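Structure data follow from model_13.cif (mmCIF, C-alpha atoms and all ligand atoms):
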```cif
data_coords
#
loop_
_atom_site.group_PDB
_atom_site.id
_atom_site.type_symbol
_atom_site.label_atom_id
_atom_site.label_comp_id
_atom_site.auth_asym_id
_atom_site.auth_seq_id
_atom_site.Cartn_x
_atom_site.Cartn_y
_atom_site.Cartn_z
ATOM 1 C CA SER A 392 -12.945 62.795 -0.398
ATOM 2 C CA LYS A 393 -16.208 64.316 -1.702
ATOM 3 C CA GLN A 394 -17.022 60.808 -2.864
ATOM 4 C CA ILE A 395 -16.705 59.287 0.600
ATOM 5 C CA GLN A 396 -18.794 62.215 1.922
ATOM 6 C CA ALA A 397 -21.512 61.410 -0.650
ATOM 7 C CA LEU A 398 -21.451 57.735 0.501
ATOM 8 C CA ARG A 399 -21.839 58.899 4.113
ATOM 9 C CA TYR A 400 -24.912 60.878 3.047
ATOM 10 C CA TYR A 401 -26.288 57.861 1.068
ATOM 11 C CA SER A 402 -26.004 55.827 4.258
ATOM 12 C CA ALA A 403 -27.585 58.445 6.473
ATOM 13 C CA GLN A 404 -30.481 59.485 4.219
ATOM 14 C CA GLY A 405 -29.826 59.357 0.503
ATOM 15 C CA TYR A 406 -30.604 55.587 0.175
ATOM 16 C CA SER A 407 -34.256 56.611 0.660
ATOM 17 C CA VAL A 408 -34.379 58.265 -2.755
ATOM 18 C CA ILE A 409 -31.607 56.634 -4.713
ATOM 19 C CA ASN A 410 -32.645 52.937 -4.518
ATOM 20 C CA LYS A 411 -36.206 53.568 -5.689
ATOM 21 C CA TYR A 412 -34.871 55.935 -8.412
ATOM 22 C CA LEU A 413 -32.442 53.239 -9.683
ATOM 23 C CA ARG A 414 -35.046 50.454 -9.521
ATOM 24 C CA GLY A 415 -37.421 52.484 -11.669
ATOM 25 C CA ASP A 416 -39.959 52.743 -8.827
ATOM 26 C CA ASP A 417 -41.845 55.905 -7.903
ATOM 27 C CA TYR A 418 -39.328 57.945 -5.821
ATOM 28 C CA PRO A 419 -39.575 61.280 -3.921
ATOM 29 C CA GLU A 420 -38.850 63.728 -6.739
ATOM 30 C CA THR A 421 -38.867 66.965 -4.761
ATOM 31 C CA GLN A 422 -36.549 65.375 -2.195
ATOM 32 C CA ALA A 423 -34.082 64.250 -4.926
ATOM 33 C CA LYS A 424 -33.977 67.788 -6.356
ATOM 34 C CA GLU A 425 -33.428 69.305 -2.940
ATOM 35 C CA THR A 426 -30.554 66.918 -2.262
ATOM 36 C CA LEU A 427 -28.945 67.842 -5.617
ATOM 37 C CA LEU A 428 -29.311 71.623 -4.965
ATOM 38 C CA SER A 429 -28.098 71.207 -1.346
ATOM 39 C CA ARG A 430 -24.983 69.334 -2.398
ATOM 40 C CA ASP A 431 -24.384 71.629 -5.376
ATOM 41 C CA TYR A 432 -24.940 69.126 -8.211
ATOM 42 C CA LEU A 433 -27.579 71.593 -9.474
ATOM 43 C CA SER A 434 -27.531 75.380 -9.563
ATOM 44 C CA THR A 435 -30.947 76.033 -11.225
ATOM 45 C CA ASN A 436 -33.787 75.420 -8.786
ATOM 46 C CA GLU A 437 -35.847 74.526 -11.890
ATOM 47 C CA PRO A 438 -33.730 71.933 -13.687
ATOM 48 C CA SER A 439 -34.818 70.387 -16.940
ATOM 49 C CA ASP A 440 -35.326 66.597 -16.965
ATOM 50 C CA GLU A 441 -31.973 66.351 -18.655
ATOM 51 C CA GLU A 442 -30.195 68.480 -16.027
ATOM 52 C CA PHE A 443 -31.879 66.534 -13.263
ATOM 53 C CA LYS A 444 -31.028 63.159 -14.730
ATOM 54 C CA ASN A 445 -27.392 64.180 -15.326
ATOM 55 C CA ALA A 446 -27.048 65.492 -11.813
ATOM 56 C CA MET A 447 -28.490 62.336 -10.281
ATOM 57 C CA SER A 448 -25.880 60.401 -12.303
ATOM 58 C CA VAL A 449 -22.964 62.373 -10.884
ATOM 59 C CA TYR A 450 -24.377 61.966 -7.360
ATOM 60 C CA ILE A 451 -24.818 58.183 -7.728
ATOM 61 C CA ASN A 452 -21.384 57.909 -9.323
ATOM 62 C CA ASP A 453 -19.843 59.798 -6.419
ATOM 63 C CA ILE A 454 -21.439 57.343 -3.958
ATOM 64 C CA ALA A 455 -20.170 54.318 -5.986
ATOM 65 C CA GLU A 456 -16.658 55.727 -6.299
ATOM 66 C CA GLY A 457 -16.500 56.413 -2.583
ATOM 67 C CA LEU A 458 -17.654 52.833 -1.970
ATOM 68 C CA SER A 459 -15.067 51.463 -4.430
ATOM 69 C CA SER A 460 -12.317 53.320 -2.614
ATOM 70 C CA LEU A 461 -12.911 51.421 0.656
ATOM 71 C CA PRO A 462 -10.660 48.507 1.650
ATOM 72 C CA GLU A 463 -11.545 45.002 0.458
ATOM 73 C CA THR A 464 -12.030 42.231 3.036
ATOM 74 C CA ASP A 465 -11.877 38.434 2.980
ATOM 75 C CA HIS A 466 -15.624 37.803 3.314
ATOM 76 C CA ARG A 467 -17.015 34.949 1.215
ATOM 77 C CA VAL A 468 -20.650 35.049 2.252
ATOM 78 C CA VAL A 469 -23.047 37.785 3.369
ATOM 79 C CA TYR A 470 -26.665 37.920 4.368
ATOM 80 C CA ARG A 471 -29.711 39.941 3.439
ATOM 81 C CA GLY A 472 -33.297 39.732 4.747
ATOM 82 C CA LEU A 473 -36.043 40.733 2.275
ATOM 83 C CA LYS A 474 -39.790 41.021 2.486
ATOM 84 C CA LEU A 475 -40.905 39.389 -0.759
ATOM 85 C CA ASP A 476 -44.388 38.138 0.073
ATOM 86 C CA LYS A 477 -46.041 41.537 -0.514
ATOM 87 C CA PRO A 478 -48.552 41.383 -3.447
ATOM 88 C CA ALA A 479 -46.845 44.241 -5.237
ATOM 89 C CA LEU A 480 -43.641 42.150 -5.282
ATOM 90 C CA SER A 481 -45.122 38.999 -6.766
ATOM 91 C CA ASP A 482 -42.994 39.441 -9.885
ATOM 92 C CA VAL A 483 -39.820 40.012 -7.886
ATOM 93 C CA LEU A 484 -40.635 36.920 -5.794
ATOM 94 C CA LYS A 485 -41.034 34.812 -8.971
ATOM 95 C CA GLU A 486 -37.637 36.019 -10.198
ATOM 96 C CA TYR A 487 -35.892 35.205 -6.899
ATOM 97 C CA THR A 488 -37.539 31.803 -6.577
ATOM 98 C CA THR A 489 -36.713 30.551 -10.065
ATOM 99 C CA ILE A 490 -33.858 28.116 -9.634
ATOM 100 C CA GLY A 491 -30.973 28.889 -11.956
ATOM 101 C CA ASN A 492 -32.240 32.421 -12.669
ATOM 102 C CA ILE A 493 -29.924 35.380 -13.022
ATOM 103 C CA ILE A 494 -31.040 38.632 -11.416
ATOM 104 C CA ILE A 495 -29.501 42.144 -11.790
ATOM 105 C CA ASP A 496 -30.122 44.258 -8.728
ATOM 106 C CA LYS A 497 -30.329 47.807 -9.958
ATOM 107 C CA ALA A 498 -30.019 49.618 -6.607
ATOM 108 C CA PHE A 499 -27.139 49.649 -4.219
ATOM 109 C CA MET A 500 -27.387 46.296 -2.318
ATOM 110 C CA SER A 501 -27.116 46.332 1.451
ATOM 111 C CA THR A 502 -25.915 43.088 3.095
ATOM 112 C CA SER A 503 -24.482 42.088 6.487
ATOM 113 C CA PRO A 504 -21.373 39.992 6.844
ATOM 114 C CA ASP A 505 -22.312 39.033 10.399
ATOM 115 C CA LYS A 506 -25.989 38.206 10.598
ATOM 116 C CA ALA A 507 -29.240 37.991 8.771
ATOM 117 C CA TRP A 508 -32.039 40.240 9.701
ATOM 118 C CA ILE A 509 -35.141 38.048 9.976
ATOM 119 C CA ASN A 510 -37.775 38.584 7.287
ATOM 120 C CA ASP A 511 -39.974 36.293 5.089
ATOM 121 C CA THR A 512 -36.876 35.733 2.853
ATOM 122 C CA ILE A 513 -33.305 35.194 3.973
ATOM 123 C CA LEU A 514 -30.653 35.551 1.302
ATOM 124 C CA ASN A 515 -27.494 33.559 1.755
ATOM 125 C CA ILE A 516 -25.164 35.229 -0.719
ATOM 126 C CA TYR A 517 -21.891 33.617 -1.666
ATOM 127 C CA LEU A 518 -19.132 35.884 -2.991
ATOM 128 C CA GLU A 519 -16.121 35.126 -5.200
ATOM 129 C CA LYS A 520 -12.746 36.847 -4.791
ATOM 130 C CA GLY A 521 -12.635 40.411 -6.202
ATOM 131 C CA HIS A 522 -16.336 41.179 -5.914
ATOM 132 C CA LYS A 523 -17.427 44.843 -5.581
ATOM 133 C CA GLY A 524 -18.903 44.727 -2.121
ATOM 134 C CA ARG A 525 -17.313 46.771 0.586
ATOM 135 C CA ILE A 526 -17.556 46.914 4.345
ATOM 136 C CA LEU A 527 -18.686 50.441 5.338
ATOM 137 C CA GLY A 528 -17.254 50.599 8.815
ATOM 138 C CA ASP A 529 -17.132 54.163 10.130
ATOM 139 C CA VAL A 530 -18.366 55.538 6.792
ATOM 140 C CA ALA A 531 -21.782 54.123 7.890
ATOM 141 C CA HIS A 532 -24.089 56.616 9.596
ATOM 142 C CA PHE A 533 -25.460 54.319 12.278
ATOM 143 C CA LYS A 534 -22.511 52.118 13.290
ATOM 144 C CA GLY A 535 -22.173 48.972 15.421
ATOM 145 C CA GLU A 536 -23.977 46.733 13.002
ATOM 146 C CA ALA A 537 -21.689 45.722 10.160
ATOM 147 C CA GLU A 538 -22.702 46.386 6.540
ATOM 148 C CA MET A 539 -21.219 45.286 3.262
ATOM 149 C CA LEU A 540 -22.658 47.502 0.493
ATOM 150 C CA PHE A 541 -22.583 46.751 -3.210
ATOM 151 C CA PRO A 542 -22.868 49.290 -6.048
ATOM 152 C CA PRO A 543 -25.655 49.253 -8.554
ATOM 153 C CA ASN A 544 -26.143 46.315 -10.896
ATOM 154 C CA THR A 545 -24.951 43.359 -8.855
ATOM 155 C CA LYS A 546 -25.662 40.161 -10.769
ATOM 156 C CA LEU A 547 -26.926 37.264 -8.600
ATOM 157 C CA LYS A 548 -27.378 33.603 -9.531
ATOM 158 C CA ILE A 549 -30.215 31.741 -7.761
ATOM 159 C CA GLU A 550 -28.609 28.446 -6.718
ATOM 160 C CA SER A 551 -31.209 26.820 -4.464
ATOM 161 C CA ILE A 552 -34.382 27.781 -2.686
ATOM 162 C CA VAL A 553 -35.249 26.203 0.670
ATOM 163 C CA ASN A 554 -38.791 26.591 1.841
ATOM 164 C CA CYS A 555 -39.755 26.526 5.470
ATOM 165 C CA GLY A 556 -41.000 23.340 7.163
ATOM 166 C CA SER A 557 -38.397 20.674 6.346
ATOM 167 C CA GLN A 558 -35.312 19.301 7.994
ATOM 168 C CA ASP A 559 -33.181 20.767 5.242
ATOM 169 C CA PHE A 560 -34.554 24.236 6.013
ATOM 170 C CA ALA A 561 -34.157 23.704 9.754
ATOM 171 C CA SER A 562 -30.563 22.691 9.337
ATOM 172 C CA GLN A 563 -29.702 25.487 6.928
ATOM 173 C CA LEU A 564 -31.335 28.040 9.230
ATOM 174 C CA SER A 565 -29.460 26.734 12.213
ATOM 175 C CA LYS A 566 -26.256 27.447 10.393
ATOM 176 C CA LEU A 567 -27.056 31.137 9.856
ATOM 177 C CA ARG A 568 -26.507 33.767 12.489
ATOM 178 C CA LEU A 569 -29.834 35.521 12.781
ATOM 179 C CA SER A 570 -30.624 39.000 14.250
ATOM 180 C CA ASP A 571 -31.901 38.625 17.848
ATOM 181 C CA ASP A 572 -33.422 42.058 18.081
ATOM 182 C CA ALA A 573 -36.532 43.181 20.005
ATOM 183 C CA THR A 574 -38.962 41.639 17.575
ATOM 184 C CA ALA A 575 -37.000 38.668 16.227
ATOM 185 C CA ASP A 576 -39.096 35.569 15.394
ATOM 186 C CA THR A 577 -37.696 32.887 13.171
ATOM 187 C CA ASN A 578 -41.200 31.463 12.721
ATOM 188 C CA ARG A 579 -41.778 34.372 10.281
ATOM 189 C CA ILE A 580 -39.236 32.944 7.840
ATOM 190 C CA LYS A 581 -40.808 31.528 4.676
ATOM 191 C CA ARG A 582 -37.672 30.708 2.718
ATOM 192 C CA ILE A 583 -33.958 30.733 2.400
ATOM 193 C CA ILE A 584 -32.479 31.577 -0.975
ATOM 194 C CA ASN A 585 -28.923 30.474 -1.680
ATOM 195 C CA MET A 586 -27.395 32.844 -4.230
ATOM 196 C CA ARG A 587 -24.039 33.700 -5.703
ATOM 197 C CA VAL A 588 -22.709 37.084 -6.886
ATOM 198 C CA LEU A 589 -21.395 36.790 -10.449
ATOM 199 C CA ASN A 590 -18.317 39.079 -10.737
ATOM 200 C CA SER A 591 -17.011 40.797 -13.858
HETATM 201 N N1 LIG A 601 -31.624 44.110 4.104
HETATM 202 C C1 LIG A 601 -30.510 43.843 4.820
HETATM 203 O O1 LIG A 601 -30.269 42.536 5.227
HETATM 204 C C2 LIG A 601 -29.491 44.899 5.259
HETATM 205 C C3 LIG A 601 -29.929 46.184 5.563
HETATM 206 N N2 LIG A 601 -29.150 47.012 6.335
HETATM 207 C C4 LIG A 601 -29.641 48.382 6.616
HETATM 208 O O2 LIG A 601 -31.031 48.372 6.450
HETATM 209 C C5 LIG A 601 -31.510 49.618 5.971
HETATM 210 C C6 LIG A 601 -32.471 49.401 4.801
HETATM 211 O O3 LIG A 601 -31.770 48.701 3.794
HETATM 212 P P1 LIG A 601 -32.526 47.606 2.890
HETATM 213 O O4 LIG A 601 -33.534 46.904 3.711
HETATM 214 O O5 LIG A 601 -31.403 46.825 2.273
HETATM 215 O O6 LIG A 601 -33.425 48.463 1.868
HETATM 216 P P2 LIG A 601 -33.552 48.201 0.278
HETATM 217 O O7 LIG A 601 -33.966 49.467 -0.384
HETATM 218 O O8 LIG A 601 -32.250 47.699 -0.201
HETATM 219 O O9 LIG A 601 -34.624 46.987 0.333
HETATM 220 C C7 LIG A 601 -35.755 47.113 -0.444
HETATM 221 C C8 LIG A 601 -36.971 46.397 0.102
HETATM 222 O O10 LIG A 601 -37.756 46.820 -0.976
HETATM 223 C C9 LIG A 601 -38.426 45.793 -1.637
HETATM 224 N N3 LIG A 601 -37.942 45.662 -3.017
HETATM 225 C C10 LIG A 601 -38.582 46.237 -4.086
HETATM 226 N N4 LIG A 601 -37.942 45.894 -5.221
HETATM 227 C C11 LIG A 601 -36.891 45.123 -4.850
HETATM 228 C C12 LIG A 601 -35.939 44.541 -5.626
HETATM 229 N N5 LIG A 601 -36.127 44.625 -6.955
HETATM 230 N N6 LIG A 601 -34.962 43.801 -5.013
HETATM 231 C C13 LIG A 601 -34.927 43.621 -3.647
HETATM 232 N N7 LIG A 601 -35.889 44.209 -2.868
HETATM 233 C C14 LIG A 601 -36.869 44.944 -3.472
HETATM 234 C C15 LIG A 601 -38.226 44.540 -0.776
HETATM 235 O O11 LIG A 601 -39.429 44.330 -0.047
HETATM 236 C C16 LIG A 601 -37.056 44.850 0.157
HETATM 237 O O12 LIG A 601 -37.260 44.278 1.457
HETATM 238 C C17 LIG A 601 -30.296 50.441 5.555
HETATM 239 O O13 LIG A 601 -30.140 51.494 6.481
HETATM 240 C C18 LIG A 601 -29.148 49.467 5.646
HETATM 241 O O14 LIG A 601 -28.078 50.196 6.176
HETATM 242 C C19 LIG A 601 -27.925 46.610 6.837
HETATM 243 C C20 LIG A 601 -27.457 45.347 6.539
HETATM 244 C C21 LIG A 601 -28.242 44.494 5.765
#
```
Please render this file's structure as structure tokens.
Amino acid sequence: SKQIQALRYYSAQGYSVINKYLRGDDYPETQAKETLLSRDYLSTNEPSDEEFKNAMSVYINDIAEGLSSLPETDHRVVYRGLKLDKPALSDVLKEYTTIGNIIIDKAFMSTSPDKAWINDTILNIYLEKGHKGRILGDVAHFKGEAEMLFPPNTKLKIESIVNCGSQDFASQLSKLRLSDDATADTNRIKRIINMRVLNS
């Protein structure tokens, strides 16, 4: 389907424009327009803001529909590594480290069912039956590491935050499967955040 093809492109390269665009961050505007022209969402090479915005919507919607069309799986937890201790993210860090808080992730959300990629923040994300996440499998561009992707606007409850340097943290970390790639170092981990996707 054209929608699965759009999701393949998202995976390969489109995520680099679309997630910033959906978060409201500065994004590469010329690159977005070229992608829309290239994939025929735009015919004018000088779209109005309206035409551009509408075209981006169809393109994002195509990616989400392709995602939605993939088979569901029985996964009940997934993992995501984030770098949250950058100064420019101090607000985002506050949101994610407020116990009980409810966060709406505006971009597509990339997670792994298999392992957490080590970063200052490890997200331990519990899922309830019927959630919108989908295993990409061979739709993914680079394969051989599993990926469960979620469409825009996933709602996450912050259940508990576990800072480094305690037995609790040590135990919880030991129960995660962590990436053991060329630069893996668990001593870089500042926190675990236990979260839950709120469906519906
Ligand atoms: N992060 C992960 O654990 C997973 C990533 N991957 C792969 O990694 C590659 C990159 O994906 P991601 O790292 O997921 O990129 P992303 O665009 O989803 O992550 C954004 C990064 O931007 C920053 N950021 C700014 N605003 C944010 C916000 N409001 N919420 C969360 N983070 C915010 C954070 O520092 C974060 O580390 C992709 O090719 C994907 O296939 C695969 C599985 C899991």
Run the PyMOL selection byres (((chain A and resi 538) around 8) and not hetatm) against the file shown and list the residues it catches, as an mmCIF file with C-alpha atoms, in the frame of the given file.
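Contents of selection.cif, freshly written:
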```cif
data_model
loop_
_atom_site.group_PDB
_atom_site.id
_atom_site.type_symbol
_atom_site.label_atom_id
_atom_site.label_comp_id
_atom_site.auth_asym_id
_atom_site.auth_seq_id
_atom_site.Cartn_x
_atom_site.Cartn_y
_atom_site.Cartn_z
ATOM 1 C CA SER A 501 -27.116 46.332 1.451
ATOM 2 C CA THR A 502 -25.915 43.088 3.095
ATOM 3 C CA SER A 503 -24.482 42.088 6.487
ATOM 4 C CA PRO A 504 -21.373 39.992 6.844
ATOM 5 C CA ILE A 526 -17.556 46.914 4.345
ATOM 6 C CA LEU A 527 -18.686 50.441 5.338
ATOM 7 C CA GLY A 528 -17.254 50.599 8.815
ATOM 8 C CA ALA A 531 -21.782 54.123 7.890
ATOM 9 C CA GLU A 536 -23.977 46.733 13.002
ATOM 10 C CA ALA A 537 -21.689 45.722 10.160
ATOM 11 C CA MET A 539 -21.219 45.286 3.262
ATOM 12 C CA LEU A 540 -22.658 47.502 0.493
#
```
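Taking all atoms listed in the file, the non-local environment of residue 393 of chain A within 12 Å (same-chain residues fewer than 2 positions away omitted) comprises residues 395, 396, 397, 398, 399, 400, 430, 431, 432, 449, 450, 452, 453, 454, 455, 456, 457, 458 and 460 of chain A.
Of note, atom CA of residue 444 of chain A and atom CA of residue 406 of chain A are spaced 16.7 Å apart.
Using the PyMOL selection byres (((chain A and resi 589) around 10) and not hetatm) on the file at hand returns these residues: residues 493, 494, 495, 517, 518, 519, 522, 545, 546, 547, 548, 586, 587, 588, 590 and 591 of chain A.
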As a check of understanding, name the residues that the PyMOL selection byres (((chain A and resi 566-574) around 12) and not hetatm) selects in the supplied structure, as a PDB file with C-alpha atoms, keeping the file's coordinate frame.
```pdb
ATOM      1  CA  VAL A 468     -20.650  35.049   2.252  1.00  0.00           C
ATOM      2  CA  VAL A 469     -23.047  37.785   3.369  1.00  0.00           C
ATOM      3  CA  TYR A 470     -26.665  37.920   4.368  1.00  0.00           C
ATOM      4  CA  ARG A 471     -29.711  39.941   3.439  1.00  0.00           C
ATOM      5  CA  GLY A 472     -33.297  39.732   4.747  1.00  0.00           C
ATOM      6  CA  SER A 503     -24.482  42.088   6.487  1.00  0.00           C
ATOM      7  CA  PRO A 504     -21.373  39.992   6.844  1.00  0.00           C
ATOM      8  CA  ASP A 505     -22.312  39.033  10.399  1.00  0.00           C
ATOM      9  CA  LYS A 506     -25.989  38.206  10.598  1.00  0.00           C
ATOM     10  CA  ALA A 507     -29.240  37.991   8.771  1.00  0.00           C
ATOM     11  CA  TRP A 508     -32.039  40.240   9.701  1.00  0.00           C
ATOM     12  CA  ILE A 509     -35.141  38.048   9.976  1.00  0.00           C
ATOM     13  CA  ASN A 510     -37.775  38.584   7.287  1.00  0.00           C
ATOM     14  CA  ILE A 513     -33.305  35.194   3.973  1.00  0.00           C
ATOM     15  CA  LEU A 514     -30.653  35.551   1.302  1.00  0.00           C
ATOM     16  CA  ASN A 515     -27.494  33.559   1.755  1.00  0.00           C
ATOM     17  CA  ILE A 516     -25.164  35.229  -0.719  1.00  0.00           C
ATOM     18  CA  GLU A 536     -23.977  46.733  13.002  1.00  0.00           C
ATOM     19  CA  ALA A 537     -21.689  45.722  10.160  1.00  0.00           C
ATOM     20  CA  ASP A 559     -33.181  20.767   5.242  1.00  0.00           C
ATOM     21  CA  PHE A 560     -34.554  24.236   6.013  1.00  0.00           C
ATOM     22  CA  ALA A 561     -34.157  23.704   9.754  1.00  0.00           C
ATOM     23  CA  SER A 562     -30.563  22.691   9.337  1.00  0.00           C
ATOM     24  CA  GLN A 563     -29.702  25.487   6.928  1.00  0.00           C
ATOM     25  CA  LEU A 564     -31.335  28.040   9.230  1.00  0.00           C
ATOM     26  CA  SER A 565     -29.460  26.734  12.213  1.00  0.00           C
ATOM     27  CA  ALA A 575     -37.000  38.668  16.227  1.00  0.00           C
ATOM     28  CA  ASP A 576     -39.096  35.569  15.394  1.00  0.00           C
ATOM     29  CA  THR A 577     -37.696  32.887  13.171  1.00  0.00           C
ATOM     30  CA  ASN A 578     -41.200  31.463  12.721  1.00  0.00           C
ATOM     31  CA  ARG A 579     -41.778  34.372  10.281  1.00  0.00           C
ATOM     32  CA  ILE A 580     -39.236  32.944   7.840  1.00  0.00           C
ATOM     33  CA  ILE A 583     -33.958  30.733   2.400  1.00  0.00           C
ATOM     34  CA  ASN A 585     -28.923  30.474  -1.680  1.00  0.00           C
TER      35      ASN A 585
END
```
Determine the nearest neighbour of ligand LIG 601 (chain A) from the options A:405, A:462, A:438, A:419, counting all atoms listed in the file.
-> A:405
Six-sided padding of 8 Å per side, axis-aligned box over ligand LIG 601 (chain A), centre and edges in Å, one decimal, as JSON:
```
{"center_x": -33.4, "center_y": 47.0, "center_z": -0.1, "size_x": 28.0, "size_y": 25.0, "size_z": 29.8}
```
Atom CA of residue 487 of chain A to atom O14 of ligand LIG 601 (chain A), distance in Å rounded to a single decimal | 21.4 Å
For a cut-off of 12 Å around (-33.3, 72.7, -12.7), file coordinates, pick out all residues using only C-alpha atoms and list them as a VMD selection string.
-> chain A and resid 421 423 to 425 427 to 428 431 to 447
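With all atoms listed in the file as the atoms that count, the residue of A:429, A:404, A:392, A:492 with the shortest distance to ligand LIG 601 (chain A) is A:404.
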What gap, in Å, lies between atom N2 of ligand LIG 601 (chain A) and atom CA of residue 525 of chain A?
->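 Separation between atom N2 of ligand LIG 601 (chain A) and atom CA of residue 525 of chain A: 13.2 Å.
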10 Å contact set for residue 520 of chain A, all atoms listed in the file, chain neighbours under 3 positions out, as a PyMOL selection string | chain A and resi 463-467+523+590
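With all atoms listed in the file as the atoms that count, the residue of A:473, A:584, A:530, A:549 with the shortest distance to ligand LIG 601 (chain A) is A:473.
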Using only C-alpha atoms, pick whichever of A:491, A:543, A:521, A:478 has the shortest atom-to-atom distance to residue 448 of chain A.
->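 Once distances to residue 448 of chain A are computed over only C-alpha atoms, the minimum belongs to A:543.
Shortest atom-to-atom contact with ligand LIG 601 (chain A) among A:451, A:553, A:402, A:418: A:402, counting all atoms listed in the file.
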